[PDB]
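Each of two forms of one protein chain follows alone as C-alpha cells, named structure 1 and structure 2.
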Structure 1
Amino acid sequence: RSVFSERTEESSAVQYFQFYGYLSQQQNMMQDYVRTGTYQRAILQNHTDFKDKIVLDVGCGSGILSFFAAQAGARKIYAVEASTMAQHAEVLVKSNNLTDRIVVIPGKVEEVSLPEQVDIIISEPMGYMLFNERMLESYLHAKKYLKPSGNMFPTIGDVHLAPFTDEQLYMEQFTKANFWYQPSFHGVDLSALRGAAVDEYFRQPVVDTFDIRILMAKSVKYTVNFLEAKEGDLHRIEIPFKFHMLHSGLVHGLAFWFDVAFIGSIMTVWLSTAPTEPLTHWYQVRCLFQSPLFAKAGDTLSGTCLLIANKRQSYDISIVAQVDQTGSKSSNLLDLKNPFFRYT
C-alpha cells in the first residue's frame, strides 16, 4: 500500500517496469544525444549545484544521470530505480569505482527509504506528450526528500499546443478503416464495423514528427513548475486555448510538444522537443479531430484540452474546439496510453 500502488493498476505497473528492465530500452534513451548530452551539460555547467552536494536520482535506469552528478563532484547520490535495471546500475557503480559516492536503492521512490534529505533532485521523468507515464508525479512525490530551498533538475516543464492542417494524415484514417467497408469479404459483410474502426483510429494520438508548415497558429503554453507543484495538480490538467489563426484552411487537430528547463545557479539550460529543433526520441504528438474545422486567417479557434489521469499510468484526453466566428464545433476523446506509433 503506497501512493504509487493506489494510483496504478498492478497490471500496468508490471508491463511498465518490464519495459524499462531491458538494456535495449535504457540504450534507446541513452543514445538520444540531444537528451543525454543536454542533461550532461546542464549538470556539468552548473557544477556548483552539485559540488559536495547530496543528490537524489529519481528512476536512475542505467545510472547515467547519477554518473553525471558524480562528474560534477556530488558527495553522495542516491539512485532509486524500480525495475530490474537496478542490478545493472549497481554493476556499473562498482565497475566505475563509485561505491563511496553513488548508492543504488532498488524500488519505487514512493516506497523506499532515504537515509538523509538531499540538496537537489535530478530525473528524466518525461513521457511522450510530456505527461504520458505519470512519472512526473513520482518526481514531484520525491520532494518529500528535498531540503527546504533544494533544487530540481529539470526545474520547469512547458507543453505547447498548436492547431494543424494535414489533409493526408486525416484521410489515412478513413483509408485504413475502409477495410471494413466491404459487403463480401470472403462472403462476409464487414460494413457494420466501419464506424467502430474509424473511432478506434481517431482515439489514438499520433506519435511522429512533422513539417512545421502544418502549424496554423502560434502555440499556447502550459507550464508545470516542479519546485512548486503538488502531485494532485497533475490529476486534472486543464489547458484552455484561444488560437488566433495565422492561416486559412481545414484544422485537422492539435499538435503537442514540450520543453524542460534546468534552472541552475550558473545558468539555465533548455531541452526542447519542438518541431523547430533537432528530432529527439520523444518526436511530437498530434491529436486528430474526427470532424475537421474550417477557419480563415484572423478567426479564433477556442476550446479546452483536458487531460484526466487514469490508473494505467496515463491520461484520458478530451479536446473540444470551436471556431468563434462560425460556431462550428469539434469534440474528441483520446487514450494517451495507446497511441499510434506512426514513426515506426
Structure 2
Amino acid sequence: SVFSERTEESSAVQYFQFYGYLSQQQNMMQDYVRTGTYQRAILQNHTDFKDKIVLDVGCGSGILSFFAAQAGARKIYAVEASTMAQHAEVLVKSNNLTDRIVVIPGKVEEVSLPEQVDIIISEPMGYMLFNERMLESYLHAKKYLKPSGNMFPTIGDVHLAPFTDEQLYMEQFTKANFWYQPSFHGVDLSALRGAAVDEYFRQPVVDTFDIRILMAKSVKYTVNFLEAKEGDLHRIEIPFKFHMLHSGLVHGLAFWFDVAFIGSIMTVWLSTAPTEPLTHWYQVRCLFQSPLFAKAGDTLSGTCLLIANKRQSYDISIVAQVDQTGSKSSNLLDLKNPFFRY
C-alpha cells in the first residue's frame, strides 16, 4: 500500500502499538484545548454535518465521530489501524450509535469504503505539525471525498521565529561537553566530542517558553488541506526573511502551528502558539550549534527544508544568515529524536 511503501515496518509497529493504549488516548482526550476546540468546530458548524456522510481518519477512541454524530451526521466511517478500533466499537455500542458510526479496522490507505463522503475529519497533527506523517494519510483519504467536500481541519499554518535563550543553549552544550573529558575514569573521550555535540544539537527541543525570547515576528507557511496532495509533504521548503526587532544572539528557530476549521457557519482555530494556552504539542525549538549575532533592523534570511523519512518523521535542514554581515549557520535535525524538556 501507499502506507507500507513509505514506512519501515519497525516504525509502524511501534507507532500503532503506542496508540493502542487506553492511557495514551486518555492523555490526548484530557488535553482540553484540543478536545474542546474540535467539539466547538464541529458543533458550531452543524450544517456541515447534518445528514452528511463522514470519514474519521484515525479515530482512536472515536471521540470525533461522536461529535459528528452529535452534529447530526447520517453516517460516519471511523477508520483506525491500531487495536484501539476494538475499544471504539465498544463505545459505539454502549452509546447506542451503531446506526450512525461504523468502525472500519485498518489503514486508511488499505481499507475499502462503500461510498464517497461529504466531509473528512481527523487529528493528524504532530509536533511541528508534520511529525508522524499522518497528514499524508489525511490527504490520501481525499480519494473518498466527493467533489466540493470539506476537510476538518481545512488548513494548517506553521509559524517560525528566531529566538534567544542562552540557558537552553548552555544546557545542551553542557551535556555534550561530557565528551570533552581527557580522563573519564582514566579514558580520553575527547575524540568523540564533535560527534556528541552534533547528536545533541540534532534534537529538537519540545517545551514551552515566554514570548519575550522571540526576536522577530513569525513567518507563516500555510498548507491548504483541500488542495494539497500527499506527495506535496515529502519535501517541504519554507523560505524565511525575518526583520529583527531586538539585537542579540539568535540561538535558533522556534516553531508552532495553528489549524483552522473553515465551516459554513464559522471558522474555528486551534492554535499551539506560545501566546495561547498550552497543549500537549507544546512548541518546538531547533537550536543552532553556533548562535548568530544580529542587530535590530538586520534581516535574517534562509530556508527550512523538511525531507520526509521512512520512520514517520522528517530530516530537518535549517540554513540561516544575517544578510548585513554574511554570518551563516547550517543545521541538520532529526525530528524522530526530540528532547522533551518540559
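Basically, rigid core = biggest C-alpha set you can superpose within 1.5 Å across the two forms. Numbering runs along the sequence of structure 1, starting at 1.
- Looking at CA displacements between structure 1 and structure 2 with the core superposed, a shift of 2 Å or more is confined, among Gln168, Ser184, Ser113, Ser95, to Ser184.
- Aligning the rigid core between structure 1 and structure 2 leaves the CA of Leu193 offset by 2.2 Å.
- Core superposition gives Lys147 a CA displacement of 0.4 Å between structure 1 and structure 2.
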